[PDB]
Amino acid sequence: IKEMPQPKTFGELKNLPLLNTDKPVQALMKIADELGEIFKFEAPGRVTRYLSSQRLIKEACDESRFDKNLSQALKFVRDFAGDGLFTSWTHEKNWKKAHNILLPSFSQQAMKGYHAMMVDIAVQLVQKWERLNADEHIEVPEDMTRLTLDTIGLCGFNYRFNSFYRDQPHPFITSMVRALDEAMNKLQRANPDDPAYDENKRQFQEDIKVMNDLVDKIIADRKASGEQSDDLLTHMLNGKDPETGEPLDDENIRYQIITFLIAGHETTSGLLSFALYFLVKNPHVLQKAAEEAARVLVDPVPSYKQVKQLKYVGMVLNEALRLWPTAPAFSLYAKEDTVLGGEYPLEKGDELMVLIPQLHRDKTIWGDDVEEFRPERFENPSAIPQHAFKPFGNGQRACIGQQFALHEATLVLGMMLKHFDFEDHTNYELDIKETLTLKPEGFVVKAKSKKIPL
Ligand code: HEM
Ligand SMILES: [Zn+2]
Ligand SMILES: [Zn+2]
Ligand SMILES: [Zn+2]
Ligand SMILES: [Zn+2]
Ligand SMILES: [Zn+2]
């Protein structure tokens, strides 16, 4: 039995105050750098063990021994995401039922049907940037977020948020973002039921209602029209779980739609933003990727197969996910009393948290140049050990949206590289904001048109 290190405690709240910050995952990364591959983290009546090495994480990823846990963060998100795929326990009825129903709508094959509407939004992004005046700049995460949110709105339920036409976010977005903020902020309140938090809770309900109203109404409208628009909502309304013969109920469909909108807004937009960041900081790599984009994307309207041919753009995206996996942590629990790593006994139910950024900096796997941006790491997928690279989570609880995210990102980054040269005009200093996910706050660039019509 080896004793685990533990960071400083701060009274009855034990370790909690270390995460009472705007950048808690970055704090945990620093603790991991200080204490090593495993450390214990205490809160009142809770002990969590944070894992950073491939040696220990590969064992945590054994689904016969460990299952997905709902961290307190996910439990608060569950207040509006309900028993949607992302905030359900594996054993809960609606997890397997929605998983079976939805899996085919997220396959690589399904991406052929989403491709046109992904291109519709991508073209809007390119046209926006073509239309800026010489003295103007691009706010990168802002525009990536407009793109990824609008794309899931169109593929999820055939709705146009029209984010490239508006001053203030569509009112659903404003409410979803404020709800996610409250959910994370709740984690840091020592006395939740203190009167100063009353306007928070009133605002929380107003927001949740703005969400359910767009969504319950969108579901009832579709049920009433019978319109067979070929999208995720159609598939959820018509699909039946082969294991049980039952379809999802309207309440669960609402939760799935809210969940996809959260993911659309929070995740892929972060990846695109980090990718563009690393490219402007590594101009030779940018030129290599732009050369591939010019060679491959020879139609003003890119096709599905052309996106599949963007091999080096895919490597750039994987290397951006290596350094800054945008959904950087996931939680597991021991299915039974067991011993981790031959050294750390666990009780049934004990929580393990995987720090993906730390996993992805394990020098025993990646070599000494781990901190550097080198897409060529990914030239041979066979060279990457099992469980060394995990930006989409693990096993049956991995990201159902992986193919969707990578198709969208590869298409968009390819079109960006086809149509513009990029200038890091401010010499931007990386500043990572944490919501549900990681994104580069304040990242701005200038884009000079290559004058290729589309
Ligand atoms: C680059 C973009 C994305 C990344 C890095 C990412 C990452 C992840 C990770 C790490 C998990 C596992 C979470 C856990 O174990 O607690 C996950 C789950 C999930 N993601 Fe994503 N995601 C991305 C994009 C998307 C998109 C675009 C969608 C859908 C529109 C999506 C929908 C989901 C859902 C429903 C789950 C839960 C799957 C299940 O447990 O059945 N994600 N994602
Ligand atoms: Zn600005
Ligand atoms: Zn937003
Ligand atoms: Zn279909
Ligand atoms: Zn026991
Ligand atoms: Zn070096």
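Residue numbers run from 1 in the order of the sequence given.
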With heavy-atom distances below 4.5 Å as the criterion, would you say the side chains of [X] and [Y] are in contact?
X: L154; Y: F161; value: no
X: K201; Y: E199; value: no
X: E408; Y: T151; value: yes
X: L417; Y: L279; value: yes
X: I219; Y: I257; value: yes
X: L272; Y: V140; value: no
X: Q203; Y: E182; value: no
X: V215; Y: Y255; value: no

Please test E371 against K363 for salt bridge (charged side-chain N to carboxylate O under 4.0 Å, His left out), starting from the C-alpha separation and ending with a verdict.
CA-CA 10 Å; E371 284 288 331; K363 293 188 170 80; over 6 Å; no
Taking only residues at least two apart or on different chains, which pairs with a member in residues 72-81 satisfy salt bridge (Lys or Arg N to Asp or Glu O under 4.0 Å)?
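Qualifying pairs, neighbours excluded: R78-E92.
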Qualifying salt bridge (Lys or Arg N to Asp or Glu O under 4.0 Å) pairs, either residue in residues 17-35, two or more places apart:
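Non-adjacent pairs meeting salt bridge (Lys or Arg N to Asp or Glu O under 4.0 Å): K23-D431, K30-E34.
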So which atom in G395 and which in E63 form the shortest heavy-atom distance, rounded to 0.1 Å?
CA-OE2, 3.4 Å
Which heavy atom in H265 sits nearest to a heavy atom in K439, and how many Å separate them?
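Shortest heavy-atom contact: O-NZ, 2.9 Å.
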Candidate pair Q386 and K58, rule side chain to side chain contact (heavy atoms under 4.5 Å, CB included), full reasoning
CA-CA 8 Å; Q386 203 191 17; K58 75 183 177 163; over 6 Å; no
I'd like to know if the side chain of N427 pairs up with that of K281 as donor and acceptor (distance under 3.5 Å, no hydrogens or angles considered).
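The answer is yes; a qualifying pair exists.
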Scan side-chain atoms only and decide if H407 and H115 contain a donor-acceptor pair under the 3.5 Å cut-off.
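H115 and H407 do have a side-chain donor-acceptor pair below 3.5 Å.
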Determine, for [X] against [Y], whether the closest basic-nitrogen to carboxylate-oxygen distance falls under 4.0 angstrom.
X: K446; Y: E136; value: no
X: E206; Y: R202; value: yes
X: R377; Y: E319; value: yes
X: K335; Y: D67; value: no
X: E243; Y: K97; value: no
X: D207; Y: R178; value: yes

Do any pairs count as a ring-ring contact (aromatic ring centres under 6.0 Å, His included) and have a residue in [range], sequence neighbours left out, and if so which ones?
range: residues 10-31; value: none
range: residues 22-50; value: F39-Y50, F41-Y50
range: residues 172-210; value: none

Does [X] reach the main-chain N or O of [Y] with its side chain, forming a donor-acceptor pair under 3.5 Å?
X: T145; Y: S269; answer: no
X: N252; Y: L248; answer: no
X: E434; Y: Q26; answer: yes
X: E343; Y: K2; answer: no
X: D241; Y: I101; answer: no
X: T259; Y: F86; answer: no
X: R55; Y: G341; answer: yes
X: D350; Y: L346; answer: no
X: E292; Y: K311; answer: yes

Tell me whether the count of non-hydrogen atoms from other residues, nucleotides or ligands lying under 6.0 Å of [atom1] in [X] goes above 12.
X: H284; atom1: NE2; answer: no
X: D167; atom1: CG; answer: no
X: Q205; atom1: CD; answer: yes
X: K308; atom1: NZ; answer: yes

Could I get the full list of ring-ring contact (aromatic ring centres under 6.0 Å, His included) partners for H360, not counting sequence neighbours?
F389
Evaluate the side-chain hydrogen bond (donor to acceptor under 3.5 Å, both in side chains) criterion for residues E42 and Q6: first the C-alpha distance (whole Å), next the side-chain angles of each, then the deciding distance (0.1 Å), finally the verdict.
CA-CA 8 Å; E42 285 188 311; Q6 183 178 4; 3.0 Å; yes
Applying side-chain hydrogen bond (donor to acceptor under 3.5 Å, both in side chains) to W89 and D83, what does each step give before you reach the verdict?
CA-CA 8 Å; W89 302 96; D83 59 350; over 6 Å; no
Set out, in order, the CA-CA distance, both residues' side-chain angles and the distance that settles salt bridge (charged side-chain N to carboxylate O under 4.0 Å, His left out) for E351 and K40, then state yes or no.
CA-CA 10 Å; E351 177 186 15; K40 167 179 29 175; over 6 Å; no
Check the pair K448 / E423 against salt bridge (charged side-chain N to carboxylate O under 4.0 Å, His left out), numbers first and verdict last.
CA-CA 8 Å; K448 180 190 177 61; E423 183 190 359; over 6 Å; no
Criterion salt bridge (charged side-chain N to carboxylate O under 4.0 Å, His left out) on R160 and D150, from CA distance to verdict
CA-CA 7 Å; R160 282 195 189 256; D150 282 27; over 6 Å; no
Would you please indicate yes or no on a ring centroid separation below 6.0 angstrom for [Y] and [X]?
X: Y333; Y: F66; result: no
X: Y159; Y: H170; result: yes
X: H99; Y: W95; result: yes
X: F260; Y: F106; result: yes

Please determine whether side-chain hydrogen bond (donor to acceptor under 3.5 Å, both in side chains) holds for the pair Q358 and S52, giving the CA-CA distance in whole Å, both sets of side-chain angles, and the decisive distance to 0.1 Å.
CA-CA 5 Å; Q358 294 302 115; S52 292; 4.6 Å; no
Distance to the ring centre below 6.0 angstrom and angle to the axis at most 45 degrees; does that hold for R361 and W366?
no
Cation over ring, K128 on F164, under 6.0 Å and within 45°?
no
Passes side-chain hydrogen bond (donor to acceptor under 3.5 Å, both in side chains), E266 versus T435? Steps please.
CA-CA 8 Å; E266 292 293 272; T435 45; 2.6 Å; yes
Which of these, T338, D337, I1, sits in a side chain to side chain contact (heavy atoms under 4.5 Å, CB included) with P345?
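For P345, the side chain to side chain contact (heavy atoms under 4.5 Å, CB included) check succeeds only for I1.
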